[PDB]
Peer 1: 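What follows is a single structure, and I will ask about it in a moment.
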Amino acid sequence: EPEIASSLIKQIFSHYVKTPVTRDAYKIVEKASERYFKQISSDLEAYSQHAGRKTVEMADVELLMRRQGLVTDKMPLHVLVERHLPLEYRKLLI
Amino acid sequence: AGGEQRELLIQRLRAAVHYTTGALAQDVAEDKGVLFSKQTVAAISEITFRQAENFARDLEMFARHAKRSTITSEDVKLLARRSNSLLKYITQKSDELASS
Amino acid sequence: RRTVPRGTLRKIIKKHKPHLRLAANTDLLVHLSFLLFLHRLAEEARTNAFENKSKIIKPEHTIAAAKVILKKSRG
Amino acid sequence: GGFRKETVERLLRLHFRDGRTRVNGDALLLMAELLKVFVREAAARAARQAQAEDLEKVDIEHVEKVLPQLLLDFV
């Protein structure tokens, strides 16, 4: 039942791609997004249980983005935050 | 400082990994009825050497995440999660260790 | 538009892992990972469509891209 | 045969970014298995690629052809 709104997925995807995308293609993006969340739920669980915690902390998510190869020595998490999160939300993280 | 010795260590490890790659490749050649060129074997050896770097850095990250400076079977299990086949295989292996 | 579906993110993870509690602003980091996933996905599908000599991104390009990127996204 | 403990240990210590980082014996054996699988997989995939082209001989081209998928499919 719960999922990211279609419109928002479309906004982000298209904002980035700068190329025409069919309707049905978007349906594919939506299903991919569902799967994305299933997987990271699994992952964050494994990460937190690994550290002996029942709760998901920040360190777990940063670890995830490291394993995803988004956060690297040359691209720190705080840089990604500053770049991709609207002004208001980034203040919460810094 | 220790740089020359480190270069010797690197050549030692490259050559060791290359030998083992040759032996394993030979088993595969036998299974499949193929011949691997020297260059192919060397290529797989270098690829394997390189991948070791990411394995090591990820293992170390995984141990640190546990407030732990020594790497264990739990970190290797985590390292293998992204491939379900691999995870099943390595988890089997690990249990086998557990029994002693 | 600029808004983050904080509650939605929490609810999605809760449907996958009920007894799994999040913390703090961790939903915002999750959201970040998701944005970036979408970005990689878009780049890959577009590359596919171009390699396919297509001016447009279609389900097939997106399906192949999803397989690749969901793989790169595993922890 | 397989990768030796000593080789795997030195190989791993070489890349650690923290001087105090160590690997216990079980992990070393496990990693030896993991590396062996990696190699056998690279060889088997390149072999398959050469066979689909009706060749007995595996050449660096076959390895290069199969590598990206291998790295993607692997960990």
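Basis for what follows: all heavy atoms, side chains included, without hydrogens, waters or symmetry-related copies. Every chain is numbered from 1, with letters handed out A, B, ... down the list of sequences.
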Peer 1: Can you measure from CZ (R21(C)) to CZ (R53(A)) and round to the nearest 0.5 angstrom?
Peer 2: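 The CZ atom of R21(C) sits 12.5 Å away from the CZ atom of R53(A).
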Peer 1: Measuring only between side-chain heavy atoms, which start at C-beta, is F49(B) closer than 4.5 Å to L11(D)?
Peer 2: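 Of all side-chain heavy-atom pairs linking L11(D) with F49(B), at least one is under 4.5 Å.
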Peer 1: Just by distance, do the side chain of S45(B) and the backbone of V41(B) share a donor-acceptor pair under 3.5 Å?
Peer 2: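 Checked: no pair found.
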Peer 1: Can you name the side chain to side chain contact (heavy atoms under 4.5 Å, CB included) partners of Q51(D), sequence neighbours left out?
Peer 2: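 Scan of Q51(D) (side chain to side chain contact (heavy atoms under 4.5 Å, CB included), adjacent residues dropped) gives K32(B), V34(B).
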Peer 1: side-chain contact (heavy atoms from CB on, under 4.5 Å) between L78(B) and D58(B): does it pass, once the steps are laid out?
Peer 2: CA-CA 9 Å; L78(B) 280 179; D58(B) 290 347; over 6 Å; no
Peer 1: Evaluate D43(A) against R67(A) for salt bridge (charged side-chain N to carboxylate O under 4.0 Å, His left out), listing each step before the verdict.
Peer 2: CA-CA 10 Å; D43(A) 287 335; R67(A) 285 275 287 172; over 6 Å; no
Peer 1: Mind listing the closest non-hydrogen atom pair of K93(B) and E33(D) along with its distance?
Peer 2: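 Scanning both residues completely, I find the closest heavy atoms to be CG-CG, 3.7 Å.
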Peer 1: Decide whether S73(C) and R40(C) meet the rule of one side-chain donor and one side-chain acceptor closer than 3.5 Å.
Peer 2: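 Note: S73(C) and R40(C) side chains miss the donor-acceptor criterion.
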Peer 1: To the nearest 0.5 Å, tell me how far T3(C) OG1 sits from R1(C) CZ.
Peer 2: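 Separation between the atoms: 9.5 Å.
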Peer 1: Within the side chain of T20(B), is there an N or O that forms a donor-acceptor pair under 3.5 Å with the backbone of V17(B)?
Peer 2: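 Not confirmed, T20(B) side chain does not pair with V17(B) backbone.
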Peer 1: Search all heavy atoms of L24(B) against all heavy atoms of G1(D) and return the closest pair with its distance.
Peer 2: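 For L24(B) versus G1(D), the nearest heavy atoms are CD2-O, 3.7 Å.
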Peer 1: To check you understand the geometry: which heavy-atom pair defines the closest contact between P59(C) and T22(A), and what is its length?
Peer 2: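 Smallest heavy-atom distance, with atoms named: CD-OG1, 3.5 Å.
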Peer 1: With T7(D) as reference, evaluate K5(D), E9(D), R4(D) under the side-chain hydrogen bond (donor to acceptor under 3.5 Å, both in side chains) test and give the passing residue.
Peer 2: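 Exactly one option meets the side-chain hydrogen bond (donor to acceptor under 3.5 Å, both in side chains) with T7(D), and it is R4(D).
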Peer 1: Got a salt bridge between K36(D) and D27(B), using NZ or NE/NH1/NH2 to carboxylate O under 4.0 Å?
Peer 2: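 The answer is no: the pair does not qualify as a salt bridge.
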Peer 1: When you group the ILVMFWY residues by side-chain heavy-atom contacts below 4.5 Å and let the links chain together, are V75(D) and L87(B) in the same group?
Peer 2: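 Different clusters: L87(B) never reaches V75(D) through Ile, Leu, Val, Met, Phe, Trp or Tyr contacts under 4.5 Å.
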Peer 1: So, for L87(A) and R90(A), which heavy atoms are closest and what is the spacing to 0.1 Å?
Peer 2: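 Result for this residue pair: CD2-NH1, 2.9 Å.
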Peer 1: Could you walk me through whether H15(D) and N54(B) pass side chain to side chain donor-acceptor pair (under 3.5 Å), step by step?
Peer 2: CA-CA 8 Å; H15(D) 299 113; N54(B) 304 111; over 6 Å; no
Peer 1: Tell me whether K88(B) at atom NZ has more than 12 heavy atoms from other residues, nucleotides or ligands lying less than 6.0 Å away.
Peer 2: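 Check fails, neighbour count at 12 or below.
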Peer 1: Does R57(B) have any salt bridge (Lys or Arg N to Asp or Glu O under 4.0 Å) partners at least two apart in sequence or in another chain, and if so, which?
Peer 2: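 Per chain and number, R57(B) pairs via salt bridge (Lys or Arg N to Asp or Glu O under 4.0 Å) with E53(B).
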Peer 1: Which distance, rounded to the nearest 0.5 Å, do you find between the OG of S33(A) and the CZ of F37(A)?
Peer 2: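 The distance works out to 6.5 Å.
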Peer 1: Let me have the donor-acceptor pairs involving side chains of residues 3-16 of chain B, under 3.5 Å, with sequence neighbours excluded, atom names and distances please.
Peer 2:
unit_1, atom_1, unit_2, atom_2, d
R6(B), NH2, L14(D), O, 3.2
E7(B), OE2, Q11(B), NE2, 2.9
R12(B), NH2, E6(D), OE2, 2.8
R14(B), NH1, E46(B), OE1, 2.8
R14(B), NH1, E46(B), OE2, 2.9

Peer 1: What do the steps show when you test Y89(B) against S83(B) for side chain to side chain donor-acceptor pair (under 3.5 Å), and what is the final call?
Peer 2: CA-CA 10 Å; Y89(B) 184 80; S83(B) 158; over 6 Å; no
Peer 1: Checking side-chain contact (heavy atoms from CB on, under 4.5 Å) for the pair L77(A)/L29(C): CA distance, chi angles, key distance, verdict?
Peer 2: CA-CA 9 Å; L77(A) 177 60; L29(C) 292 198; 4.0 Å; yes
Peer 1: Rounded to the nearest 0.5 Å, what's the gap from CG on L29(D) to CG on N24(D)? Could you check?
Peer 2: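 The distance works out to 9.0 Å.
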Peer 1: Check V30(C) against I40(A) and note the closest heavy-atom contact, atom names and distance.
Peer 2: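 So the minimum-distance heavy-atom pair works out to CG1-CD1, 3.6 Å.
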Peer 1: Look at atom NZ of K55(C) and say whether more than 12 heavy atoms of other residues, nucleotides or ligands are closer to it than 6.0 Å.
Peer 2: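 Check fails, neighbour count at 12 or below.
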Peer 1: Is it the case that over 12 heavy atoms from other parts of the model lie below 6.0 angstrom from the CZ atom of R83(A)?
Peer 2: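 Counting other residues, nucleotides and ligands, CZ of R83(A) stays at 12 neighbours or fewer.
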Peer 1: Per the side-chain hydrogen bond (donor to acceptor under 3.5 Å, both in side chains) rule, which among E53(D), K57(D), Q49(D) passes with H62(D)?
Peer 2: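 So the option named by the test is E53(D).
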Peer 1: Can you hop from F50(C) to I28(A) via hydrophobic side chains spaced under 4.5 Å?
Peer 2: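 No, separate clusters.
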Peer 1: Run the numbers on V23(D) and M31(D) for side-chain contact (heavy atoms from CB on, under 4.5 Å), then give the verdict.
Peer 2: CA-CA 10 Å; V23(D) 187; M31(D) 285 308 286; 5.6 Å; no
Peer 1: Nearest 0.5 angstrom please: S41(A) OG to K14(C) NZ, how far?
Peer 2: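 Atom-to-atom, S41(A):OG and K14(C):NZ are 11.5 Å apart.
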Peer 1: Determine the minimum heavy-atom distance between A66(C) and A32(A), stating which atoms define it.
Peer 2: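 What the structure gives for the nearest pair is CB-CB, 3.9 Å.
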Peer 1: Side chains of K11(C) and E3(A), heavy atoms from C-beta outward: is any pair under 4.5 Å?
Peer 2: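 Side chain of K11(C) against side chain of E3(A), heavy atoms only: no contact under 4.5 Å found.
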Peer 1: Between the side chains of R46(C) and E43(C), is the shortest nitrogen-to-carboxylate-oxygen separation below 4.0 Å, so that they form an ion pair?
Peer 2: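 Salt bridge flag = yes for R46(C) with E43(C).
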Peer 1: If you apply the rule salt bridge (charged side-chain N to carboxylate O under 4.0 Å, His left out), what do you find for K38(A) with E34(A), and how did you get there?
Peer 2: CA-CA 6 Å; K38(A) 182 175 194 162; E34(A) 291 174 58; over 6 Å; no
Peer 1: Going only through I, L, V, M, F, W and Y residues with side-chain contacts under 4.5 Å, is there a path from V66(D) to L86(B)?
Peer 2: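 Per the 4.5 Å side-chain linkage, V66(D) and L86(B) are not co-clustered.
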Peer 1: Please lay out, stage by stage, how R20(D) and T70(B) fare under the test side-chain contact (heavy atoms from CB on, under 4.5 Å).
Peer 2: CA-CA 8 Å; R20(D) 62 191 169 119; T70(B) 291; over 6 Å; no
Peer 1: Take atom NZ in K10(A); do more than 12 heavy atoms of anything else shown fall under 6.0 Å from it?
Peer 2: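 Result for NZ/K10(A): open.
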Peer 1: Check the hydrophobic clustering (I, L, V, M, F, W, Y; side-chain heavy atoms under 4.5 Å; chains of links allowed) and say if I63(C) and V17(A) are grouped together.
Peer 2: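 Not linked; separate clusters.
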Peer 1: Within the supplied structure, the quantity of interest is the number of heavy atoms (other residues, nucleotides, ligands) at a distance under 6.0 Å from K31(A) NZ; does it exceed 12?
Peer 2: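 Yes, NZ of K31(A) has more than 12 neighbouring heavy atoms, counting only those of other groups under 6.0 Å.
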Peer 1: Using atom types as modelled and distance alone, determine if a side-chain donor or acceptor of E30(A) lies under 3.5 Å from a backbone N or O of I9(A).
Peer 2: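 Flag not set: sc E30(A) to bb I9(A) has no pair under 3.5 Å.
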Peer 1: Take a 6.0 Å sphere around CD of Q11(A) and say whether it holds more than 12 heavy atoms from other residues, nucleotides or ligands.
Peer 2: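 Buried by this count: over 12 neighbours within 6.0 Å.
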Peer 1: Using a cut-off of 6.0 Å, state whether more than 12 heavy atoms not belonging to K18(A) lie near its atom NZ.
Peer 2: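 Yes, the 6.0 Å shell around NZ holds more than 12 heavy atoms from other groups.
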Peer 1: Report the relative orientation of the aromatic rings in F62(B) and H50(A); use parallel for angles under 30°, tilted for 30 to 60°, perpendicular for over 60°.
Peer 2: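 Plane angle over 60°, so perpendicular.
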Peer 1: Can you tell me how the ring of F55(B) sits relative to the ring of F74(D), calling it parallel under 30°, perpendicular over 60° and tilted otherwise?
Peer 2: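 Taking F74(D) first and then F55(B), their aromatic rings sit tilted (interplane angle of 30° to 60°).
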Peer 1: Could you give the distance from CD1 (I4(A)) to CG (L9(C)), rounded to the nearest 0.5 Å?
Peer 2: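 Reported to 0.5 Å precision, the distance equals 4.5 Å.
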Peer 1: When hydrophobic residues are tied together by side-chain contacts of less than 4.5 Å, even through go-betweens, does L22(C) share a cluster with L92(A)?
Peer 2: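 Same hydrophobic cluster.
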Peer 1: What do the steps show when you test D73(D) against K71(C) for salt bridge (charged side-chain N to carboxylate O under 4.0 Å, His left out), and what is the final call?
Peer 2: CA-CA 7 Å; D73(D) 291 338; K71(C) 196 37 161 60; 5.5 Å; no
Peer 1: Angle class for the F34(C)/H31(C) ring planes (parallel below 30°, perpendicular above 60°, tilted otherwise)?
Peer 2: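 Answer is tilted, since the angle falls between 30° and 60°.
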